[PDB]
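Data first, discussion second: the structure below is written as structure tokens.
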Amino acid sequence: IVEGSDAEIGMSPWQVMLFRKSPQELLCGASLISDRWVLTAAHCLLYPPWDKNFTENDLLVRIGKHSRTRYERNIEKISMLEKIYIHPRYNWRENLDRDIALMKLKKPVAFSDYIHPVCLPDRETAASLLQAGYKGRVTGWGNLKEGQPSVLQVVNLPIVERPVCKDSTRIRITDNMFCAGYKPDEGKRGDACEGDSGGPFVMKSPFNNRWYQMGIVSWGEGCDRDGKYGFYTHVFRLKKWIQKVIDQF
Amino acid sequence: XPXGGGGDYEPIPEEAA
Amino acid sequence: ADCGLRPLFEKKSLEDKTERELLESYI
């Protein structure tokens, strides 16, 4: 996260860390959507251009963390994966279209003051909240600049109109993505950056006071560059696929 | 393009797995 | 069911340092 700040304790209880067993390294962020289901970006697990193709056994999911490196005894819980589900039409060849994946945990995780799931939006919530100008919140342990932070970082960013997102890049953008960030003259800055992938972009509903996950950190070109924006997977647009997987498995 | 760092971590105890 | 309600904030009626910025943008 660029231009963010240290998160408060328990501020993002659905935040999950995708950790590689060997070598031990932070692969991506992710989010807890239930006692046994984790949501992340499909490219965190499969990306042929960089020779990335992880299997269940190559990963660990750490939940309830704040410090990036420390093993938080009595606070964080570690789970192993039973199965990974990548969207069948995830487009790694061109623009990371449908960059979404579900991960089923071996055993349900017990909730605590530091571990609690986020809500997935419904058509109504998606419609009323996903509008240009409205701010969401992104969290992660990724790069602080285009090194890494000691604890979870947070940054609030405004959703940008689709035309503006399209005209800022040469990449073909789809209905399954949205972009966020401040424009060059707005005076404020901030962005997600490498290491933040898979993390949640959330918004707090003013109707029922709940936090909903509207996006997944997907991609960008550089970090916090003027006239450039971060791109996120549109969670609601892919909710049908999400439900289908959870119902079948 | 798509979003480890390597700023090394504290070992995870076996009893946590 | 209890999704999106944080034990240390919503459940105690305590708000975090920047959540107001989000609500203030939902005009």
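Chain letters run A, B, ... following the sequence lines, proteins first, then strands; residues in each count from 1.
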Atom of [X], atom of [Y] and distance for their closest heavy-atom approach:
{"X": "B:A16", "Y": "A:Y71", "value": "CB-OH, 3.4 Å"}
{"X": "A:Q24", "Y": "B:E10", "value": "OE1-O, 4.4 Å"}
{"X": "A:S197", "Y": "B:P2", "value": "OG-C, 3.9 Å"}

Counting only heavy atoms not in [X] (residues, nucleotides, ligands), do more than 12 fall under 6.0 Å from its [atom1]?
{"X": "A:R20", "atom1": "CZ", "value": "yes"}
{"X": "A:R93", "atom1": "CZ", "value": "no"}
{"X": "A:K83", "atom1": "NZ", "value": "no"}

*Separation between CD of A:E25 and CG of B:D8, rounded to the nearest 0.5 Å*: 9.5 Å
*Could you state the interatomic distance from NZ (A:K21) to CD1 (B:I12), rounded to the nearest 0.5 Å?*
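The distance works out to 10.0 Å.
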*Taking the six-membered ring for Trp, is the centroid-to-centroid distance between A:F19 and B:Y9 below 6.0 Å?*
yes
*Pick one of side chain, backbone, both or neither for A:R68, based on which atoms fall under 4.5 Å of a heavy atom in chain B.*
both
*Contacting region of A:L60 [heavy-atom separation from chain B under 4.5 Å]*: side chain
